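There is one chain below, alone, in structure tokens, taken in the form deposited in one PDB entry.
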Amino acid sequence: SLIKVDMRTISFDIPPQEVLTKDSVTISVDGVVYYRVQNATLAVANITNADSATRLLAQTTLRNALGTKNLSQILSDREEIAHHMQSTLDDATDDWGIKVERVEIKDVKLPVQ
């Protein structure tokens, strides 16, 4: 094989997502995903659609996880939520050969309301 896939850990940013918390507060949360290709072939066979599929599934996973949480609970349970988001996203990315190492919450922006 001449054209090889970089198998090293790389990252992408989850753009800020609007979420209404359990205690009814509209927040704007962004995050980071740390991932690597764990199956060169399986990833390459899905190259044209893998990028935005993984990006969207990350957003929806972040959106769903925080929806069942109190605003205070987002800060304290941050490692538990990150662990939960990792499983969900790792499971959903296996079918195109991508290993997700971490999904971490970054900033919690606060608009009026």
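Residues carry their position along the shown sequence, with the first being 1. Take the two forms, find the largest set of C-alpha atoms that superpose within 1.5 Å, and that set is the rigid core. Shifts are known only where both forms have a C-alpha.
Keep in mind the form deposited in another entry is missing from the figure; the text below concerns it.
After superposition on the rigid core, the Cα of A40 moves by 2 Å or more between the shown form and the other one. Annotation for the pair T48/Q59: C-alpha atoms approach each other in that other deposited form, by 3 Å or more compared with this form. Whereas the displayed form keeps them at a certain spacing, the CA atoms of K99 and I47 lie at least 3 angstroms farther apart in that other deposited form. Core-based superposition between the shown form and the other one shows that the consecutive residues, three or more at a time, whose C-alphas shift by 2 angstroms or more lie in 5 to 10, 40 to 48, 77 to 80.
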